[PDB]
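final_33.pdb follows (PDB, C-alpha atoms (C1' of nucleotides)):
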ATOM      1  CA  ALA P  79      52.740  38.115  32.774  1.00  0.00           C
ATOM      2  CA  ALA P  80      52.502  37.498  29.022  1.00  0.00           C
ATOM      3  CA  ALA P  81      49.105  38.999  28.119  1.00  0.00           C
ATOM      4  CA  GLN P  82      50.631  42.262  26.846  1.00  0.00           C
ATOM      5  CA  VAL P  83      52.119  40.452  23.843  1.00  0.00           C
ATOM      6  CA  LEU P  84      48.928  38.419  23.345  1.00  0.00           C
ATOM      7  CA  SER P  85      46.835  41.607  23.230  1.00  0.00           C
ATOM      8  CA  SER P  86      49.006  42.971  20.406  1.00  0.00           C
ATOM      9  CA  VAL P  87      48.681  39.592  18.668  1.00  0.00           C
ATOM     10  CA  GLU P  88      44.874  39.531  19.005  1.00  0.00           C
ATOM     11  CA  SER P  89      44.653  43.134  17.773  1.00  0.00           C
ATOM     12  CA  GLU P  90      45.982  41.853  14.428  1.00  0.00           C
ATOM     13  CA  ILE P  91      43.790  38.718  14.395  1.00  0.00           C
ATOM     14  CA  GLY P  92      40.627  39.186  12.352  1.00  0.00           C
ATOM     15  CA  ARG P  93      38.563  36.737  14.455  1.00  0.00           C
ATOM     16  CA  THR P  94      40.286  33.497  13.497  1.00  0.00           C
ATOM     17  CA  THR P  95      38.041  30.529  14.301  1.00  0.00           C
ATOM     18  CA  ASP P  96      40.663  27.846  13.560  1.00  0.00           C
ATOM     19  CA  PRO P  97      41.612  26.104  16.846  1.00  0.00           C
ATOM     20  CA  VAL P  98      45.167  25.199  15.748  1.00  0.00           C
ATOM     21  CA  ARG P  99      46.526  28.763  15.797  1.00  0.00           C
ATOM     22  CA  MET P 100      44.437  29.400  18.918  1.00  0.00           C
ATOM     23  CA  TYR P 101      45.891  26.342  20.680  1.00  0.00           C
ATOM     24  CA  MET P 102      49.484  27.184  19.815  1.00  0.00           C
ATOM     25  CA  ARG P 103      48.964  30.799  20.868  1.00  0.00           C
ATOM     26  CA  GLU P 104      47.570  29.905  24.290  1.00  0.00           C
ATOM     27  CA  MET P 105      50.215  27.240  24.940  1.00  0.00           C
ATOM     28  CA  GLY P 106      53.143  29.560  24.154  1.00  0.00           C
ATOM     29  CA  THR P 107      53.007  31.457  27.456  1.00  0.00           C
ATOM     30  CA  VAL P 108      55.050  29.058  29.610  1.00  0.00           C
ATOM     31  CA  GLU P 109      58.637  28.682  28.396  1.00  0.00           C
ATOM     32  CA  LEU P 110      60.874  25.609  28.526  1.00  0.00           C
ATOM     33  CA  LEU P 111      61.780  24.326  31.973  1.00  0.00           C
ATOM     34  CA  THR P 112      65.347  23.331  32.807  1.00  0.00           C
ATOM     35  CA  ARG P 113      66.648  19.790  33.330  1.00  0.00           C
ATOM     36  CA  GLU P 114      67.055  19.903  37.124  1.00  0.00           C
ATOM     37  CA  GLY P 115      64.122  22.296  37.547  1.00  0.00           C
ATOM     38  CA  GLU P 116      61.508  19.533  37.602  1.00  0.00           C
ATOM     39  CA  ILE P 117      63.289  17.792  40.499  1.00  0.00           C
ATOM     40  CA  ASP P 118      61.747  20.337  42.885  1.00  0.00           C
ATOM     41  CA  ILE P 119      58.366  19.770  41.196  1.00  0.00           C
ATOM     42  CA  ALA P 120      58.775  16.024  41.781  1.00  0.00           C
ATOM     43  CA  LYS P 121      59.710  16.730  45.411  1.00  0.00           C
ATOM     44  CA  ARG P 122      56.539  18.805  45.823  1.00  0.00           C
ATOM     45  CA  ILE P 123      54.634  15.841  44.345  1.00  0.00           C
ATOM     46  CA  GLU P 124      56.382  13.663  46.963  1.00  0.00           C
ATOM     47  CA  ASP P 125      55.379  16.067  49.748  1.00  0.00           C
ATOM     48  CA  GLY P 126      51.765  16.153  48.554  1.00  0.00           C
ATOM     49  CA  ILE P 127      51.483  12.363  48.253  1.00  0.00           C
ATOM     50  CA  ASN P 128      53.116  11.938  51.675  1.00  0.00           C
ATOM     51  CA  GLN P 129      50.722  14.491  53.199  1.00  0.00           C
ATOM     52  CA  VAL P 130      47.713  12.659  51.714  1.00  0.00           C
ATOM     53  CA  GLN P 131      49.074   9.325  52.978  1.00  0.00           C
ATOM     54  CA  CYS P 132      49.661  10.794  56.454  1.00  0.00           C
ATOM     55  CA  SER P 133      46.066  12.069  56.407  1.00  0.00           C
ATOM     56  CA  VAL P 134      44.944   8.529  55.532  1.00  0.00           C
ATOM     57  CA  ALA P 135      47.180   7.027  58.242  1.00  0.00           C
ATOM     58  CA  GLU P 136      45.790   9.366  60.917  1.00  0.00           C
ATOM     59  CA  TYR P 137      42.301   8.028  60.142  1.00  0.00           C
ATOM     60  CA  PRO P 138      41.895   5.192  62.690  1.00  0.00           C
ATOM     61  CA  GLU P 139      39.201   3.100  60.987  1.00  0.00           C
ATOM     62  CA  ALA P 140      41.191   2.610  57.759  1.00  0.00           C
ATOM     63  CA  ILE P 141      42.846  -0.411  59.397  1.00  0.00           C
TER      64      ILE P 141
ATOM     65  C1'  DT C   1    -118.227 -11.945 -68.509  1.00  0.00           C
ATOM     66  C1'  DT C   2    -115.063 -11.369 -64.415  1.00  0.00           C
ATOM     67  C1'  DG C   3    -113.943 -11.160 -59.221  1.00  0.00           C
ATOM     68  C1'  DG C   4    -114.447 -13.599 -54.817  1.00  0.00           C
ATOM     69  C1'  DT C   5    -116.663 -16.905 -51.170  1.00  0.00           C
ATOM     70  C1'  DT C   6    -117.144 -21.957 -50.577  1.00  0.00           C
ATOM     71  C1'  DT C   7    -115.532 -26.781 -50.620  1.00  0.00           C
ATOM     72  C1'  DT C   8    -112.644 -31.048 -51.139  1.00  0.00           C
ATOM     73  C1'  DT C   9    -108.219 -33.624 -52.112  1.00  0.00           C
ATOM     74  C1'  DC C  10    -103.417 -34.330 -50.753  1.00  0.00           C
ATOM     75  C1'  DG C  11     -98.982 -34.003 -49.419  1.00  0.00           C
ATOM     76  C1'  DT C  12     -97.270 -32.331 -45.141  1.00  0.00           C
ATOM     77  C1'  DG C  13     -97.205 -31.889 -40.068  1.00  0.00           C
ATOM     78  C1'  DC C  14     -98.274 -33.697 -35.418  1.00  0.00           C
ATOM     79  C1'  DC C  15     -98.968 -37.867 -32.222  1.00  0.00           C
ATOM     80  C1'  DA C  16     -98.128 -42.769 -30.837  1.00  0.00           C
ATOM     81  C1'  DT C  17     -96.420 -47.709 -31.185  1.00  0.00           C
ATOM     82  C1'  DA C  18     -91.933 -50.155 -31.735  1.00  0.00           C
ATOM     83  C1'  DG C  19     -86.455 -50.911 -30.883  1.00  0.00           C
ATOM     84  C1'  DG C  20     -81.159 -49.625 -30.335  1.00  0.00           C
ATOM     85  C1'  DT C  21     -76.456 -46.514 -28.778  1.00  0.00           C
ATOM     86  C1'  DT C  22     -75.156 -44.807 -25.172  1.00  0.00           C
ATOM     87  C1'  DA C  23     -74.877 -41.243 -20.750  1.00  0.00           C
ATOM     88  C1'  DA C  24     -75.054 -43.240 -15.043  1.00  0.00           C
ATOM     89  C1'  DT C  25     -73.070 -44.272 -10.343  1.00  0.00           C
ATOM     90  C1'  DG C  26     -70.566 -48.313  -9.388  1.00  0.00           C
ATOM     91  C1'  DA C  27     -66.934 -52.726  -9.413  1.00  0.00           C
ATOM     92  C1'  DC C  28     -63.054 -53.190 -11.645  1.00  0.00           C
ATOM     93  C1'  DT C  29     -58.146 -53.944 -11.742  1.00  0.00           C
ATOM     94  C1'  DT C  30     -53.476 -52.013 -12.036  1.00  0.00           C
ATOM     95  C1'  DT C  31     -50.030 -48.872 -10.476  1.00  0.00           C
ATOM     96  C1'  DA C  32     -48.183 -46.276  -6.640  1.00  0.00           C
ATOM     97  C1'  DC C  33     -47.255 -45.291  -1.811  1.00  0.00           C
ATOM     98  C1'  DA C  34     -46.398 -46.981   2.853  1.00  0.00           C
ATOM     99  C1'  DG C  35     -44.836 -50.706   6.426  1.00  0.00           C
ATOM    100  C1'  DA C  36     -40.756 -53.616   8.609  1.00  0.00           C
ATOM    101  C1'  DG C  37     -36.271 -56.642   8.332  1.00  0.00           C
ATOM    102  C1'  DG C  38     -31.433 -58.581   7.334  1.00  0.00           C
ATOM    103  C1'  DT C  39     -26.827 -57.052   5.353  1.00  0.00           C
ATOM    104  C1'  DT C  40     -22.826 -53.938   3.696  1.00  0.00           C
ATOM    105  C1'  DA C  41     -18.908 -51.155   4.433  1.00  0.00           C
ATOM    106  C1'  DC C  42     -17.552 -47.449   6.344  1.00  0.00           C
ATOM    107  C1'  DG C  43     -16.355 -43.431  10.566  1.00  0.00           C
ATOM    108  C1'  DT C  44     -15.041 -42.396  15.163  1.00  0.00           C
ATOM    109  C1'  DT C  45     -12.564 -43.863  19.366  1.00  0.00           C
ATOM    110  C1'  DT C  46      -8.600 -46.336  21.568  1.00  0.00           C
ATOM    111  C1'  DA C  47      -3.577 -48.527  22.566  1.00  0.00           C
ATOM    112  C1'  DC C  48       1.420 -48.985  21.098  1.00  0.00           C
ATOM    113  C1'  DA C  49       6.251 -48.644  18.818  1.00  0.00           C
ATOM    114  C1'  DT C  50       9.572 -45.407  16.848  1.00  0.00           C
ATOM    115  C1'  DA C  51      11.264 -40.349  15.144  1.00  0.00           C
ATOM    116  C1'  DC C  52      12.469 -35.197  14.508  1.00  0.00           C
ATOM    117  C1'  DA C  53      12.859 -31.995  17.301  1.00  0.00           C
ATOM    118  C1'  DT C  54      14.737 -29.529  21.347  1.00  0.00           C
ATOM    119  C1'  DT C  55      17.421 -29.349  25.861  1.00  0.00           C
ATOM    120  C1'  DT C  56      21.986 -29.987  28.344  1.00  0.00           C
ATOM    121  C1'  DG C  57      27.684 -30.288  28.949  1.00  0.00           C
ATOM    122  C1'  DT C  58      32.377 -29.703  26.633  1.00  0.00           C
ATOM    123  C1'  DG C  59      36.424 -28.221  23.303  1.00  0.00           C
ATOM    124  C1'  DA C  60      37.976 -24.344  20.500  1.00  0.00           C
ATOM    125  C1'  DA C  61      37.677 -18.253  18.433  1.00  0.00           C
ATOM    126  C1'  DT C  62      38.529 -13.613  19.834  1.00  0.00           C
ATOM    127  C1'  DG C  63      39.241  -9.227  23.160  1.00  0.00           C
ATOM    128  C1'  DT C  64      39.523  -5.976  25.828  1.00  0.00           C
ATOM    129  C1'  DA C  65      42.786  -5.797  29.586  1.00  0.00           C
ATOM    130  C1'  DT C  66      47.643  -2.826  31.637  1.00  0.00           C
ATOM    131  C1'  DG C  67      52.610  -1.600  30.145  1.00  0.00           C
ATOM    132  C1'  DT C  68      57.493  -1.284  27.662  1.00  0.00           C
ATOM    133  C1'  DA C  69      62.097   2.894  31.433  1.00  0.00           C
ATOM    134  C1'  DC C  70      70.274   6.715  26.567  1.00  0.00           C
ATOM    135  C1'  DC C  71      68.080  11.320  24.218  1.00  0.00           C
ATOM    136  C1'  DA C  72      63.496  12.932  21.233  1.00  0.00           C
ATOM    137  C1'  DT C  73      60.585  20.289  23.437  1.00  0.00           C
ATOM    138  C1'  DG C  74      55.579  25.842  18.509  1.00  0.00           C
ATOM    139  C1'  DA C  75      52.789  25.614  13.320  1.00  0.00           C
ATOM    140  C1'  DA C  76      49.774  25.344   9.167  1.00  0.00           C
ATOM    141  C1'  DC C  77      53.483  20.638   6.111  1.00  0.00           C
ATOM    142  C1'  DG C  78      50.644  21.376   1.147  1.00  0.00           C
ATOM    143  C1'  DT C  79      45.336  22.998   0.540  1.00  0.00           C
ATOM    144  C1'  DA C  80      43.286  27.449  -3.756  1.00  0.00           C
ATOM    145  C1'  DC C  81      41.378  29.890  -7.891  1.00  0.00           C
ATOM    146  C1'  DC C  82      40.744  35.518  -7.952  1.00  0.00           C
ATOM    147  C1'  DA C  83      32.226  35.029 -10.973  1.00  0.00           C
ATOM    148  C1'  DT C  84      28.225  39.266  -9.578  1.00  0.00           C
ATOM    149  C1'  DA C  85      25.640  42.562  -7.241  1.00  0.00           C
ATOM    150  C1'  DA C  86      21.128  43.907  -2.300  1.00  0.00           C
ATOM    151  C1'  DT C  87      22.395  44.724   2.862  1.00  0.00           C
ATOM    152  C1'  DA C  88      24.575  45.782   6.719  1.00  0.00           C
ATOM    153  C1'  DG C  89      29.009  46.798   9.738  1.00  0.00           C
ATOM    154  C1'  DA C  90      33.684  49.772  11.648  1.00  0.00           C
ATOM    155  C1'  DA C  91      35.643  54.466  10.704  1.00  0.00           C
ATOM    156  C1'  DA C  92      36.707  59.236   8.197  1.00  0.00           C
ATOM    157  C1'  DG C  93      36.285  63.571   7.435  1.00  0.00           C
ATOM    158  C1'  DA C  94      31.965  67.073   6.534  1.00  0.00           C
TER     159       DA C  94
END
Exercise: express the given structure as structure tokens:
Amino acid sequence: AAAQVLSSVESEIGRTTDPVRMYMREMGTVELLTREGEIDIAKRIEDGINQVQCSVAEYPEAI
DNA sequence: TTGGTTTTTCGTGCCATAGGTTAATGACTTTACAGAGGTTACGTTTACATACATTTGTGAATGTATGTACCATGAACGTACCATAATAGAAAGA
């Protein structure tokens, strides 16, 4: 959703081999998250860890 | 009157009687080689006490080992002198 700006950037770039500008042009796609926006990410982490632990608990020979 | 055959002495040559230095094998005798017999001072073999090493446990040096819970949201963070010409490349008008 941000490659249209990166194409116009790379049209100006004369094959820069320095990884610093390359790194801080690939990392600039995702913007800043909000303060309470990562709470839902943490809850999805909770749901994933709980699903893995339920999959372990349904295995009978783990005990 | 002169040359040459004949003849006799005489010192010289040949033969025989005497008598002495010195070769012979030996018998020497002296030196050298061959025979055993008592004595010396080592050279190899053996046992025994003590020593440096080398083999063990035990008290200290470091070293990775995982974490610390007000708030920390994009940049190079100071690099650098700018020579010269063979050979290609990506486009721009011929």
For this session: Give as JSON, numbers by chain the residues that the PyMOL selection byres ((chain P) within 12 of (chain C)) matches when applied to the coordinates above.
Result: {"P": [96, 97, 98, 99, 100, 101, 102, 103, 104, 105, 106, 107, 108, 109, 110, 111, 112, 113]}
For this session: Could you check how far CA of residue 134 (chain P) sits from CA of residue 116 (chain P), in Å to one decimal?
Result: 26.8 Å
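Pairwise distance (CA of residue 122 (chain P), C1' of residue 68 (chain C)) equals 27.1 Å.
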Problem set entry | Point-to-point distance in Å for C1' of residue 88 (chain C) and CA of residue 92 (chain P) | 18.2 Å
